[PDB]
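Trainee: The structure is given below, and queries will be raised subsequently.
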Amino acid sequence: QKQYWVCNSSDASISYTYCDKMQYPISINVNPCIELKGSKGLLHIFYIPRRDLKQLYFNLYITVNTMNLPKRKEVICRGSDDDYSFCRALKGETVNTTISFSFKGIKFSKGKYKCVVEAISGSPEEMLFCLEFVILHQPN
Amino acid sequence: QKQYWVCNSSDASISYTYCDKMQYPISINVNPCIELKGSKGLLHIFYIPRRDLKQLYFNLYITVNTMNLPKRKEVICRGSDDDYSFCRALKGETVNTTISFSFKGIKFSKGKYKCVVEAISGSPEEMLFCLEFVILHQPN
Amino acid sequence: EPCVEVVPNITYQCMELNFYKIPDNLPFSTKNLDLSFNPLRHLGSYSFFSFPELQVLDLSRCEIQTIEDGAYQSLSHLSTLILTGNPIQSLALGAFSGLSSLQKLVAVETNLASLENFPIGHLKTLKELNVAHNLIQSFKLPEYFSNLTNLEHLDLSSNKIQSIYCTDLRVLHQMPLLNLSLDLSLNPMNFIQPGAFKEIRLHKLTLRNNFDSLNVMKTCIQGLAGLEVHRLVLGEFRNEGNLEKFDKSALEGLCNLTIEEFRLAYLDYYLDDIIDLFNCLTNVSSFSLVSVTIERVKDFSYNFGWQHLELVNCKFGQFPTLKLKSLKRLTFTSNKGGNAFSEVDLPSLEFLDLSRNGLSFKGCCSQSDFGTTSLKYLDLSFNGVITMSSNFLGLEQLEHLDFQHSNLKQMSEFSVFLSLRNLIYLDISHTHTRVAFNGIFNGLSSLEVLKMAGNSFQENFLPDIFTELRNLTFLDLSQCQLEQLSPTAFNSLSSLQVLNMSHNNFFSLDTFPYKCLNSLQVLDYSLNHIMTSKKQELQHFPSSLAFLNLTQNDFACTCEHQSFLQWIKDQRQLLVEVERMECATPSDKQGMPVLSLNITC
Amino acid sequence: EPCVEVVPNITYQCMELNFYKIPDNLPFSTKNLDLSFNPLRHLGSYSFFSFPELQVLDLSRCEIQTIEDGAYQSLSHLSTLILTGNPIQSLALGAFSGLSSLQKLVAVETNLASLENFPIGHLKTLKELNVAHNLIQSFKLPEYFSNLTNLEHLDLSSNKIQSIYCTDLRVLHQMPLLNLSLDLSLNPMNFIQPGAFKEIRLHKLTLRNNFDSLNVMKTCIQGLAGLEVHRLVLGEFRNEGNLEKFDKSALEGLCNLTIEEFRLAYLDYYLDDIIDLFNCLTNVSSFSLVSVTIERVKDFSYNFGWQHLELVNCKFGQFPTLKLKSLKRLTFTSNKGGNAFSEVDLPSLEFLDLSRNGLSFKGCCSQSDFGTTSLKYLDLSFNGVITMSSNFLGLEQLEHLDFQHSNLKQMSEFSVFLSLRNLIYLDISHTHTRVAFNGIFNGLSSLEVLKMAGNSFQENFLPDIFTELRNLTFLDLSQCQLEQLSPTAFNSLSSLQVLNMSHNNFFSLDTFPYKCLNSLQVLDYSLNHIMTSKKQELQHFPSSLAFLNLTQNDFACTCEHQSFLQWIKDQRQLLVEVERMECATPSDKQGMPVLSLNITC
Ligand SMILES: *[C@@H]1O[C@H](CO)[C@@H](O[C@@H]2O[C@H](CO)[C@@H](O[C@@H]3O[C@H](CO)[C@@H](O)[C@H](O)[C@@H]3O)[C@H](O)[C@H]2NC(C)=O)[C@H](O)[C@H]1NC(C)=O
Ligand SMILES: *[C@@H]1O[C@H](CO)[C@@H](O[C@@H]2O[C@H](CO)[C@@H](O[C@@H]3O[C@H](CO)[C@@H](O)[C@H](O)[C@@H]3O)[C@H](O)[C@H]2NC(C)=O)[C@H](O)[C@H]1NC(C)=O
Ligand SMILES: *[C@@H]1O[C@H](CO)[C@@H](O[C@@H]2O[C@H](CO)[C@@H](O[C@@H]3O[C@H](CO)[C@@H](O)[C@H](O)[C@@H]3O)[C@H](O)[C@H]2NC(C)=O)[C@H](O)[C@H]1NC(C)=O
Ligand SMILES: *[C@@H]1O[C@H](CO)[C@@H](O[C@@H]2O[C@H](CO)[C@@H](O[C@@H]3O[C@H](CO)[C@@H](O)[C@H](O)[C@@H]3O)[C@H](O)[C@H]2NC(C)=O)[C@H](O)[C@H]1NC(C)=O
Ligand SMILES: *[C@@H]1O[C@H](CO)[C@@H](O[C@@H]2O[C@H](CO)[C@@H](O)[C@H](O)[C@H]2NC(C)=O)[C@H](O)[C@H]1NC(C)=O
Ligand SMILES: *[C@@H]1O[C@H](CO)[C@@H](O[C@@H]2O[C@H](CO)[C@@H](O)[C@H](O)[C@H]2NC(C)=O)[C@H](O)[C@H]1NC(C)=O
Ligand SMILES: *[C@@H]1O[C@H](CO)[C@@H](O)[C@H](O)[C@H]1NC(C)=O
Ligand SMILES: *[C@@H]1O[C@H](CO)[C@@H](O)[C@H](O)[C@H]1NC(C)=O
Ligand SMILES: *[C@@H]1O[C@H](CO)[C@@H](O)[C@H](O)[C@H]1NC(C)=O
Ligand SMILES: *[C@@H]1O[C@H](CO)[C@@H](O)[C@H](O)[C@H]1NC(C)=O
Ligand SMILES: *[C@@H]1O[C@H](CO)[C@@H](O)[C@H](O)[C@H]1NC(C)=O
Ligand SMILES: *[C@@H]1O[C@H](CO)[C@@H](O)[C@H](O)[C@H]1NC(C)=O
């Protein structure tokens, strides 16, 4: 498997690889790099979906240095008149977008956090891609 | 056992008798009589306790025409600097008082509601009296 | 067989298979062929001849430079084309020649430049035309649109449309019967000369994120006058740049139009008062807000004529105080900010839904909390903490009631559902309830569905609480940590068909309680630990019983209670998945299905 | 033996037994004789001679008209008299003659008229004197009070005291060392001439419900000037008539006094703003409100010097916003009105208690919610809904934490107690928690007591979550519906002494998990259904085990697993109440104690 690097901060080393048989390319950037201490920034994405990005959502499987957390379900855009403009896209339509984010207020232990991301969308609710992220964390 | 009548309203027939071996007299009045539909009135009490009315409370055992409800615990006056003046009384000290009450907002079925009242007080937490009330209810 | 085969001889999809021509080995009679992400640099005359019968075609990202005249010729019954992402620099006039029944045409991300040099002018029965993300400078409808009827959707979003002129839409005046849902989103526009829209009729109109300031938006809304749109949608997107300002002067002049349904989607400015805004959006029959942060607003009370109101995903500071004389339906779901509830006054309200807000009640339910007297539907599920202090007084016409996953309190202190004499559906599941009063379900004489899963009982004993529920057909008592039943509990339940008793802690299987249930069809005893019985009295079940789930629970396959296993193998016409019932206690006999074992003794 | 006998030869109580004289059959050496509600119309000289040694005497409602001189003569060691309810119309001078050590004298409901013709003037070592509900018109202390030292309480409530004069309390000036807790409640008073209290020192003073208007109260408070009371209590009673009015002008002039602790108990007027009231009650070191309805108050933020604040049983509209620079302890318990929580700013706070209010949190716990950084104690039990969105950040010095019977949320989504490295006590019981993350108890390296009863686990399996809790001595896992243990779960718990595992659903008793717990003393497996074991491997328990409760659960006394019952009867030096362990499964062998049965086979 090939390793795709993203960014380094003072206390993080985000990276990712592909989950399943499908290996459709994707371009992800974050500016500035995420500090696992409370951060704020922009997330730029360039993609060409293989299904309609309609009622897209994410399944998140997180692991904290070999302890599993429960499965998370994040609904990105819902039904009709959604917050984001990119989720009216169709197959083969280029998506080229930027989303702002911010967070703070939780202490994390040192270790090797890992996250499997499963995107689900479409009318028959099939999967779009699966990525596996790896985050190393050494405070200071 | 002797039956002590209290008052009649348009839809209630309150009455009471004594529970246990102790049969210390007590004078209870309500004006106007309680309507089991939402009411408001005054409760006049004349009594001579056999123990100190200190940190008094009530245990209530209610029965709705042969179905028991859970036991209720009503704290009348608590610790120090209590709301009522009568619960600084001592044994043999006359209590002669009036308390206002009001309620509304619950539908009751016809039947033969029954309530056993156990007063507990004192420093070693012993019982003061026990009365058994009977309420007949026929709406309209 | 390169192409994947989805449905036998009908649907054949094969994407990303590095093709260079239409495949030939596919059946002669197939429909809805998916063929995308395959390099086909050029499309030729009579390309699809192996498929005389066909419904759906799809050519996405199949990088096509030129479609020549006569393609798709031998192809009718084709109701859909998807030409998304194909860079087309020369579309030969006369293409799309033979398509007698074409309804949908998707040409997105094609390098379109205008609509008069677009060969769809002989088409008909065409309903939807999506040309979005193209390069279109002028919103002038060409003449052939008159010939083109049945058109219902026309999406031209994310184009380069800068201005509108009165000469545009000079066509569309000679259309007596015309339903057109238009969409112009993310078009950077700064000039709409007055009188453009006039005697025009649309069925929907969406204008999201195409105004760069407040004055631009004001003048553009002024440019609309006499438009008569049935449903108007304004707003913007969280993904892009937003309005720095939104005050009472904005959205004015929207009173020269004729609107019937309005929606505002995703403001980013912290709106501070609702009236003197939305001022001439009265007499609109349907009002809706989605993702608007009106959290510092004091005067919500005002008399609008709104027959339907919806607030979804908004942030608030306090619960809005509503006073609306004619509002039949209210939907207040998934909101975030404030967590409490206060009295509202809705004299004509029939449908209420406050779900997933997480807000608290105190003295929940009475006709003095909602102000109405004819409320047929009520949903309070997934909220924070509901305190019962009044059985539903003045709400005697209420057929649907849902509480699941809230936190009910004081539910065993009186007869809580005592007034609800016309109630069909009741759901109290995973409310932290502890049933300790026989008579909790008093007055529910019309109930048919009763769900309560996840609610314990006093000392884990099921008392006689299902009396007077004689219409009950569905009863769900699962994950209530039950250990004993009263021998006469399901009496009078002559109409029960499904009875769920799964995942409790039972040991003995008794057939006496169900002796007289003439309509039972499903009986579920699944995740228990049923090892034995009280005796060998286990008689026949009621003849109606057609399914008996007993899988997944612990059995003991030893000499003792061999008669129990004999009696269960005595009936295989009722068990469900005999593969999943096995032994567990004797470590030598483990994982062995119960019906298979022949044991001595 | 008419008189009931409480403690052998020590305490003899006999009330309502229709006596007419002191009983003679009682032992010669008895103490604390209770003798009340018995008709003794007259008390005579040397009445109590059979009791040379005696501590407590009680004559309540024993209707006594005259006590003659010389009674109680042969009676020392008597530290208490209770003459309540006796109508005394002639108390002979010289009564109470011989009582060398008398401390308490209760003369309530006696028909007293004044304090100079009261024969307690030779008494000494007398601490408390209660003369309440009498008929006393004048608050003039007699001279003999100078001779009477050690007096600490003087309750004269419910008397007819109308006015105070400067000549009153001319005594009490020649008392260098004097602690006197005075009480004047329900005395209808309308005149306190100025200068009465001056150079006077009290240790407590209670004035509840003795002012009929606002101006009367104002002038009376003016009559107090230079009083120097250590603790002042004002207010009124719900039982009587109340003040029609309470504004900022009231309670003024209370600034000429020297108060150190203040309490206001039970206002009936809906107070509307706290400052410009309580204005010159600053620099008071302790402030308290009980049963005051300050529900419409906006500006709670102001800089008082209050080192201790208490709000009990009050009604509020919003959570009061506190900004107090020096407030070490806060108690906010049992309040009623408003249900939410907002940030406070208490830079010097060490004790916090918000229990039984029923209020909700959102993002509960961080040093930005309380503004402090040295908080040793925190109690949030019996509240509504607490949402975890921050592990306790900035609260690293916190030794006590209680959550029981609240409703926690999001507790298995990260390490919630990750910062609390100095924590001794943790109580999360009957919070609706579903443990589904190994690592929920990460960071609690100093924990010694852990209580969690009533919290389920994922699929009812106990995982290895008690690692790093190496100081744990008390562990409570009861009514968690557990069915299986991991074979290595209580490892590293070398200091555990009590282990509660009562009222789960177990079937087998395994002794392997507890193989190495060298300090275990109590093991509780009570309300389970333990019938068998996994094998006959059950070895010795750790030698320290001195108690093993196994009562109340179902046993099966048949041929099969007879070895199990043999191994349990193999150890009677550890069982608890062998009377309560019996058989249940074979209906012939029912209610028979397990250790008693001798069965064949
Ligand atoms: C009685 O109530 C129980 C609720 O406890 C119902 O159980 C649910 O039954 C379905 C059907 O077996 C379960 O779904 C299964 O899920 C697994 C895992 O996702 C999947 O692999 C299976 O193929 C199947 O879809 C479900 O987990 C189970 N529990 C819940 C909470 O839904 C039961 O169906 C009810 N019985 C009747 C007769 O209605
Ligand atoms: C054996 O136990 C299983 C569960 O342990 C019982 O499950 C069957 O459960 C499924 C899921 O609840 C039922 O499914 C259908 O589910 C959809 C979900 O949206 C619902 O909308 C449909 O109305 C429908 O209920 C399924 O109906 C149910 N089986 C039957 C026969 O109703 C199972 O019932 C037990 N064995 C037997 C023979 O019932
Ligand atoms: C382990 O935790 C359980 C909690 O489930 C503790 O049980 C409690 O034990 C006491 C002592 O037997 C019970 O009190 C008894 O109450 C009855 C009825 O009031 C009374 O008749 C008895 O004389 C006795 O006082 C109590 O009900 C029971 N349950 C609860 C909820 O408190 C158990 O004590 C703990 N074990 C150890 C070793 O700490
Ligand atoms: C057998 O089971 C019973 C309960 O089923 C165990 O109970 C004993 O429980 C009582 C009540 O919890 C303990 O009581 C004392 O309770 C007061 C209540 O305020 C508490 O403040 C004291 O600190 C003390 O815990 C009692 O200590 C406890 N027994 C023992 C030995 O600690 C019982 O423990 C089980 N059998 C044995 C031999 O432990
Ligand atoms: C980003 O951070 C990662 C992790 O700290 C760096 O990777 C490691 O690089 C150091 C330095 O060469 C090695 O000693 C480690 O063995 C590496 N570990 C792993 C797991 O790769 C990485 O070099 C950083 N990237 C940049 C551009 O500085
Ligand atoms: C108060 O109400 C009770 C109950 O309605 C009355 O008691 C009953 O009196 C009627 C009339 O004489 C009898 O027919 C019933 O048999 C009585 N029932 C019981 C249980 O006593 C009572 O008379 C009323 N009191 C007054 C003063 O009117
Ligand atoms: C995405 O859009 C931005 C907006 O101008 C553009 O600069 C960028 O080049 C686009 N991405 C790609 C891959 O072209
Ligand atoms: C109780 O007090 C009131 C107040 O004046 C009085 O009228 C009444 O007589 C008293 N009760 C008795 C039994 O004297
Ligand atoms: C378009 O308008 C006509 C006019 O009645 C209506 O029948 C039709 O349903 C509308 N189209 C849609 C998609 O609703
Ligand atoms: C349901 O209950 C009502 C009221 O008890 C009764 O009239 C009706 O016959 C029952 N059955 C049906 C199918 O409505
Ligand atoms: C009375 O005051 C003295 C003075 O120091 C004190 O020692 C004593 O404790 C006080 N009395 C009470 C009951 O606290
Ligand atoms: C408790 O834990 C602390 C920190 O791990 C440790 O220093 C101490 O020795 C332990 N035991 C006691 C009795 O404090």
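Protein chains in written order, with the authors' numbering: chain D, 19 to 158; chain C, 19 to 158; chain B, 27 to 627; chain A, 27 to 627.
A virtual CB, placed ideally from N, CA and C, is assigned to each residue, including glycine.
1. Between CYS585 of chain A and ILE625 of chain A, what straight-line distance do the alpha-carbon atoms span, to the nearest angstrom?
2. Among B:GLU79, B:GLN344, B:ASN554, B:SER311, which has the Cα closest to the Cα of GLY364 of chain B?
3. Give the residues of chain B in contact with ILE124 of chain C, contact being defined as C-beta atoms less than 7 Å apart.
4. Is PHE64 of chain D near ligand 7, with its Cβ less than 7 Å from a heavy atom?
5. Using a Cβ-Cβ cut-off of 8 Å, state whether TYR131 of chain C counts as contacting chain A.
6. Per DSSP, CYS246 of chain A is paired with what?
7. For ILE63 of chain D versus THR112 of chain D, is the C-beta distance shorter than 8 Å?
8. Using only the heavy atoms of ligand 12, determine whether one of them is closer than 7 Å to the beta carbon of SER471 of chain A.
9. Are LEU87 of chain D and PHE463 of chain A close, meaning C-beta to C-beta below 8 Å?
10. Can you tell me whether residue 20 of chain A is helix, strand or coil according to DSSP?
11. Cβ of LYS354 of chain A within 8 Å of Cβ of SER374 of chain A?
12. Please check the pair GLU254 of chain A and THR232 of chain A, which I expect to be a contact at CB under 8 Å, by giving their CB distance rounded to whole angstroms.
13. What residues in the region 443 to 467 of chain B have a beta carbon less than 7 Å from any beta carbon of chain C?
14. So with CB distances below 9 Å, who are the chain B contacts of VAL411 of chain A?
15. Excluding the five sequence neighbours on either side, which residues of its own chain have a C-beta within less than 6 Å of the C-beta of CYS40 of chain A, listed in chain order?
16. Kindly list the residues whose CB is nearer than 7 Å to the CB of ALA158 of chain B, restricted to its own chain and excluding five residues on each side of it in sequence; keep chain order.
17. Quick check on the DSSP output: the alpha helix (DSSP H) that includes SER570 of chain A runs from which residue to which?
18. So, do the region 86 to 105 of chain D and the region 19 to 30 of chain C have three or more beta carbon pairs nearer to each other than 8 Å?
19. Check whether the Cβ atoms of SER76 of chain A and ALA97 of chain A sit closer than 8 Å, and answer yes or no.
20. From B:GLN91, B:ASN143, B:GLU142, B:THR151, pick the residue whose C-alpha is nearest to that of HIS103 of chain B; which is it?
21. Per DSSP, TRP23 of chain C forms a beta bridge with which residues?
22. Residues around ligand 3, please: the condition is that the C-beta lies closer than 7 Å to some non-hydrogen atom of it.
23. Can you pull the chain D residues whose beta carbon is under 7 Å from the beta carbon of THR110 of chain B, in chain order?
24. Within this structure, are the beta carbons of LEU498 of chain B and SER521 of chain B separated by less than 8 Å?
25. With three or more C-beta pairs closer than 8 Å as the rule, is the region 466 to 479 of chain A touching the region 440 to 447 of chain A?
26. In the DSSP assignment, what residue or residues form a beta bridge with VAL32 of chain A?
27. Output yes or no for whether 8 Å exceeds the beta carbon distance between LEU303 of chain B and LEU277 of chain B.
Mentor: According to the structure data:
1. Rounded to the nearest whole angstrom, the C-alpha separation of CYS585 of chain A and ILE625 of chain A is 8 Å.
2. B:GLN344
3. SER416, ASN417, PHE440
4. yes
5. Chain A places no beta carbon closer than 8 Å to that of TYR131 of chain C, leaving this residue out of the contacts.
6. Per the DSSP secondary-structure output, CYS246 of chain A pairs with nothing in a beta bridge.
7. no
8. yes
9. yes
10. Nothing about residue 20 of chain A can be reported from this structure: the residues present for chain A run from 27 to 627 only.
11. yes
12. Incorrect: roughly 16 Å between the Cβ atoms, too far for contact.
13. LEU444, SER445, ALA462, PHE463, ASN464, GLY465
14. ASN365, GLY384, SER386, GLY410, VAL411, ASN433
15. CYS29, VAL30
16. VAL134, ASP181, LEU182, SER183, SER184
17. It is not in any alpha helix (DSSP H) - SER570 of chain A carries neither H nor E in the DSSP assignment.
18. no
19. no
20. B:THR151
21. C:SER33
22. A:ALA479, A:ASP502, A:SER504, A:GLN505, A:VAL524, A:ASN526, A:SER528, A:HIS529, A:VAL548, A:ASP550, A:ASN575
23. What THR110 of chain B touches in chain D: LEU108, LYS109, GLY110, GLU111.
24. yes
25. yes
26. Paired residues: none, contrary to the question.
27. Yes, the pair counts as a contact, with Cβ atoms nearer than the cut-off.
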